[PDB]
Amino acid sequence: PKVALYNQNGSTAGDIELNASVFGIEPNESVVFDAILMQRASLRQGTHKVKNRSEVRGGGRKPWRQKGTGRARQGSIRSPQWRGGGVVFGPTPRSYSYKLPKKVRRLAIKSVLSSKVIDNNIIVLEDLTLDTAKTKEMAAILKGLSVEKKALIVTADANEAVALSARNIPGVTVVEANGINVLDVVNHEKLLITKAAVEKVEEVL
Amino acid sequence: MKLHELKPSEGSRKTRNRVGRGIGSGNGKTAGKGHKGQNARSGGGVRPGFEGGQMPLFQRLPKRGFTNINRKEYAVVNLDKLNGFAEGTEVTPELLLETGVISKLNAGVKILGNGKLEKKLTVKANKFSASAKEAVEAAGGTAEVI
Amino acid sequence: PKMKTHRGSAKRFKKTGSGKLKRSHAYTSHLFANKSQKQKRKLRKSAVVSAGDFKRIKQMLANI
Amino acid sequence: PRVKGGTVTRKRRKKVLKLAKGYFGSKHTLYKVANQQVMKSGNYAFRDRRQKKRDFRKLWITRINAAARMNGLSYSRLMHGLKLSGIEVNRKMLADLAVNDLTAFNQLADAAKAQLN
RNA sequence: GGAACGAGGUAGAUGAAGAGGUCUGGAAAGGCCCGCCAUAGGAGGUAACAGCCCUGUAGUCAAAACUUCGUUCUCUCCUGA
RNA sequence: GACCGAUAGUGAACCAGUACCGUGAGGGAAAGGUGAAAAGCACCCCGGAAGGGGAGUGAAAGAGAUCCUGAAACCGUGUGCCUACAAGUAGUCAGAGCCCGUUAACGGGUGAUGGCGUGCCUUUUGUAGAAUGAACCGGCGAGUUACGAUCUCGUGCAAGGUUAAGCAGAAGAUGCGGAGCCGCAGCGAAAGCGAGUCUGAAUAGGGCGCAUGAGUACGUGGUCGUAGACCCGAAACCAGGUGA
RNA sequence: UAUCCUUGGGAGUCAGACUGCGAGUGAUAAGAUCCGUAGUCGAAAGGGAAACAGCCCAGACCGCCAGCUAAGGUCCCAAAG
RNA sequence: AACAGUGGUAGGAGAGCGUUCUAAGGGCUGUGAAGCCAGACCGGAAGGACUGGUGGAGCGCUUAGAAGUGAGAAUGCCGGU
């Protein structure tokens, strides 16, 4: 991986050689799939619950005697047969979360980054510097870089100017090197990084 | 990958078997519980070792022995795992825990001769076996004890 | 809830390296004058659980 | 999430009812009584697809036999003569002739009658 | 027990950018062509799906009075090897 | 909020713990939608009114006060074909005549007449069954979830696999966290010994084991266990209260 | 001629019926009962036995308006002397 | 291609259809969405389209995922007739 470099202007300069262990590796799509489902699930909230025949109000008395009537045996007006009724099993609050092993998850993120550098939806850009915190400047930068779609932006230490900007844009997200996901990477179609953040991710990986 | 071309690894995923959802499934009207009986009911069954009033196996069999309070389950090394170390280097349970050879020290360490050596080492442990220490000094090592 | 282990069978059986279950014999408690020494020497020894019984019970001993 | 199932049941049952047109009253108006006739109609249809082969055979044979009796023969004796000759055409053809072109039927019967002797 | 100070709550205020044009339409938030703002594209509403129509949002501000916390000071009480 | 959307979801989206039932404790419902806006129908007629027909408003009145859509059962009107010497789980196949003309293909609707043919479900050795259940239509309605075990499949790493709680982190991912857990060596009641061990007096024999080695974490699925554990269903038991 | 063994996962079944043969109990009676043995039904439609689960023949992926046969039949019901 | 086979209850295994919701991507829709009614269409089945009518605003398609996931029967519950 010897990918080009760009400035905040959008002008090319000398290229950059990357850690082949992190970027120059063949991906594992089964792994990526698993990680995606894990995260996609972990984001759930589990606020689904219904009223059992015990939890529902009333019931209690045998509404009519077991025998003598032509009617059917019934124990309560809240059993599931009934209009009001208590639900049989239904949902109930829980957590869909699970955790994978560390080797697997880091392989996953390595794989997807390798895929990004393969299909060349990756951009290195040293020295993001904004005199302001505005969005016009950011959008102009992205225009100069020919970024017409979703996008992810990476720093090392949370440029608050860059975060205040770039959020009002719908398809754009910002994060530090420590906060990288696989899901954001996959979803945002294109990746912008500072070489500082590159050294960080590749030294922790 | 891409979210709109996802697919799993084959064999990783399967569809669950629903029942009471028709006869074309082959699990309709009984869910594979067959016809009437104690096993076909809701909460229906018996405790696992039950045999229908026959005196079950464990009761017809006797108890045996006891447990010691002062038992020692030494952590075992089998003398081939030592070949991973450098020549002439000392050895300790601390060192083994560091290397990850031992995931758990349980009252001490014992070494055993399910292997061989090509190295002399200044080994020290809690306890040895006869074959093990002989193999050690034969390779030229030593047999210190903690 | 963790599965509860079946304590009587735990007290009676022991696990092997091959997964089989060691056991003792019955007819070895108290009434020996009505038995040959051949039986007795055969029965002080150990034994092994059969396949059917093993199928019946092994879930009660996953935790050993 | 919850699932009602409003449209599917209606759609399926209506499909059945459209199959059950022309049936006597409730057996086209009501779902389930119609279902248990439609199904029955399916078994009857299977059966009848195989009875056609058995019925038209009889019909052809009766026609052939009548024509052979006026020619001065029996069906059995005829068809024996024909198989003995090599005239293995078939009974449906023979019937169609015996209705339309009876002269050809006579030609064939005369051949068989000759070769019976 | 008392003051002072700081922060906050209990009402609020401010707050960028298009009736852009045109086609349908009963009516445009819609389609096509165009622009703009953005620390604001959260939401809801408006004759139909609205970042730029309204209330609003981000951000910045605000309290006579009553309250919550915190700091300091007064206030109190103090001996131990 | 990979929670419900008016038989759901709070019992209760509406003047509900109301109406209503009960001496009493107590039990316990039903019932949402005009339209963007009332612009909610001036006026003419029928009629005692109600309710209609016009007109008018409105995009729409087939929107008109149960006011979005508005199915089915059920109720009727009209009509193409058939039908008053015929017995039929009611159809199917063959088939004439008559009437039509399609998502245009050996088409459609009726169907004189012939042949064959004892409904569905359950439960049964066996049911057309004179055994059970269903009046019909519509809706609701039954094997699930957590935790743990085990098997298979898959993935990752492999004699090494793995973290938990917890901290930071948008209710997240992630990082840190190696305390702990499974396995790598078993045998024995145990001391204990160790690729051997136990029995035994025994270097004997025999058992269990190794030599014939792959596990581990996570996920899907099957099954099991503990929990209402596929759904409904008793007579009854206990506690506390209400009632002469 | 291809099904046999092992290991492992998952089940259901433990009310059976008739027929033929050999036996018992019975009254050498029972569509009886209980056993063995073979079949069919069960879990198997089709043709015949008038109808007729268990008898005779025979085993259904689907279609065809083709043919040869089994059991059983050929004066008419009803195809065939 | 050839050969052989394809009745089936309990029951085991495997292939799929369809419903709701979610994610992403690509779309439809006042020039008329879903829903509803017809139709002589397509598919091996579950089922799926097309045209027209009603209706008058939201809905499909693909790949995956998760489920309150499919009703003809309970002397089932509710409502209607």
Rounded to the nearest 10 degrees, what's the angle between the helix A:102-119 long axis and the longest principal axis of chain A, both from Cα atoms, 0 to 90?
50
Of the residues B:50, B:39, B:99, the Cα lying farthest along the dipole of chain B towards its positive end, which is defined by charges on the beta carbon of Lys, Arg, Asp and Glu, belongs to B:39
Over all distinct alpha-carbon pairs, what is the Kirkwood Rh of chain A in angstrom?
20.9
For chain A, the longest principal axis of the Cα atoms and the Cα long axis of helix A:195-204 enclose an angle in degrees, to the nearest 10, of 60
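Full extension from residue B:59 to residue B:21: what is 0.36 nm times the residue separation minus their Cα-Cα distance, to one decimal in nm?
Details: separation 38, 0.36 × 38 = 13.68 nm, distance 4.28 nm.
Gain on stretching residue B:59 to residue B:21: 9.4 nm.
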Cβ-based charge dipole, the protein assembly as shown, positive-most Cα from A:11, D:82, A:98
D:82
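Which chymotrypsin sites (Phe, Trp or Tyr not before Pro) from the range B:1-96 combine a DSSP loop assignment with at most 14 other Cβ atoms within 10 Å? Walk me through the numbers before you get to the answer.
Details: sites: B:50, B:58, B:66, B:74, B:85; in loops: B:50, B:66, B:74, B:85.
Those satisfying the criteria are B:50, B:66.
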Stretch in chain A that is longest and holds no GluC sites (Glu not before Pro) that DSSP places in a loop and that have at most 11 other beta carbons within 10 Å
A:56-147
Points 7 angstrom from Cα along the Cβ direction at residue A:7 and residue D:33: gap in nanometres?
8.9
Flagged links, alpha-carbon separation over 29 Å, of B:33/D:11; A:67/D:32; B:72/C:40; B:29/D:14; B:104/B:124:
B:33/D:11; A:67/D:32; B:72/C:40
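Give me a single rounded figure for B:1-14: the average over its residues of other chain Cβ atoms within 10 Å of their Cβ.
On the way: counts 15, 5, 5, 0, 1, 6, 3, 5, 6, 1, 0, 3, 1, 0.
Rounded to a whole number, the mean comes out at 4.
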Counting only trypsin sites (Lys or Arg not before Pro) that sit in a DSSP loop (anything but H, G, I, E, B) with at most 16 other Cβ atoms within 10 Å, what is the longest stretch of chain D containing none of them?
D:22-117
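Taking the Cα centre of chain A as origin, work out the dipole magnitude from +1 charges on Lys and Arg Cβ and -1 charges on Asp and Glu Cβ, in debye rounded to 20. Could you put the intermediate results ahead of the total?
On the way: 32 positive and 20 negative charges, 661 e Å.
Using Cβ point charges on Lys, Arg, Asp and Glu, chain A gives about 3180 debye.
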Excluding residues fewer than 8 places away in the same chain, name every one of the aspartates and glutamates whose C-alpha is closer than 18 Å to that of residue A:143.
A:126, A:127, A:189
Can you list which of the trypsin sites (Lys or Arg not before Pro) found in the range A:147-190 are DSSP loop residues with at most 14 other C-beta atoms within 10 Å?
A:149, A:167
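Where the only charges are on Cβ atoms (+1 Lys, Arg; -1 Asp, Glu), what is the dipole of chain C about its Cα centre, to the nearest 20 debye?
160
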For chain A, what does -39500 (n - 2.57) per DSSP helix run (n ≥ 4), summed and divided by total residues, give at 222 nm, in deg cm²/dmol to the nearest 500?
-9000 deg cm²/dmol
Loop only by DSSP, 12 or fewer other Cβ within 10 Å of the Cβ. Give me the chymotrypsin sites (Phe, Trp or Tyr not before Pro) in the range D:10-117 that pass, ordered by residue number.
D:24
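Efficiency by 1/(1 + (r/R0)^6): what FRET value for residue C:46 and residue B:86, r their Cβ-Cβ distance, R0 = 60 Å, to the nearest 0.05?
Numbers: r = 46 Å, r/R0 = 0.77.
Computed FRET efficiency for residue C:46 and residue B:86: 0.85.
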Along Cα→Cβ, 7 Å out, is where each label goes; now give me the distance between the ones at residue B:114 and residue A:131 in nm to one decimal.
7.4
Per the charge dipole of chain A (beta-carbon charges, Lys/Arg positive, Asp/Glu negative, Cα centre), the residue among A:159, A:109, A:32 reaching farthest to the positive end is A:32
Any idea what log10 I(q)/I(0) is at q = 0.19, 0.22 Å⁻¹ for chain D, Debye with uniform C-alpha scatterers and no solvent?
-0.93, -1.12
Calculated diffusion of the protein assembly as shown, Stokes-Einstein form, Kirkwood radius summed over Cα pairs, 10 °C and 1.306 mPa s, µm²/s:
44
Nearest 10 degrees, 0 to 90: what angle lies between the long axis of helix B:130-139 and the longest principal axis of chain B (Cα atoms)?
50
Evaluate E = 1/(1 + (r/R0)^6) for residue C:54 and residue A:52, where r is the Cβ-Cβ distance and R0 equals 41 Å; express this FRET efficiency to the nearest 0.05.
0.55
At a Förster radius of 60 Å, what calculated FRET efficiency corresponds to the Cβ-Cβ distance of residue D:9 and residue C:63, to the nearest 0.05?
0.75
Mind putting a number on the dipole of the protein assembly as shown about its Cα centre? Charges go on the C-beta only, +1 for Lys and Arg and -1 for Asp and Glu, and I need it in Debye to the nearest 20.
7100
Which of the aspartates and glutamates could a cross-linker bridge to residue A:2, judged by Cα under 12 Å and excluding same-chain residues fewer than eight apart?
A:15, A:17
Counting chymotrypsin sites (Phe, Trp or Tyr not before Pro) as exposed when in a DSSP loop with at most 15 other beta carbons within 10 Å, what is the longest stretch of chain A free of them?
A:99-205
Quick one: B:35, C:25, fewest Cβ neighbours within 10 Å first, how do they rank?
B:35, C:25
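Since every read-out is calculated from the coordinates, none of them should be taken as a lab result. Every residue, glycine as well, gets a Cβ built from its backbone with ideal geometry; the counts of neighbours run over all protein chains shown.
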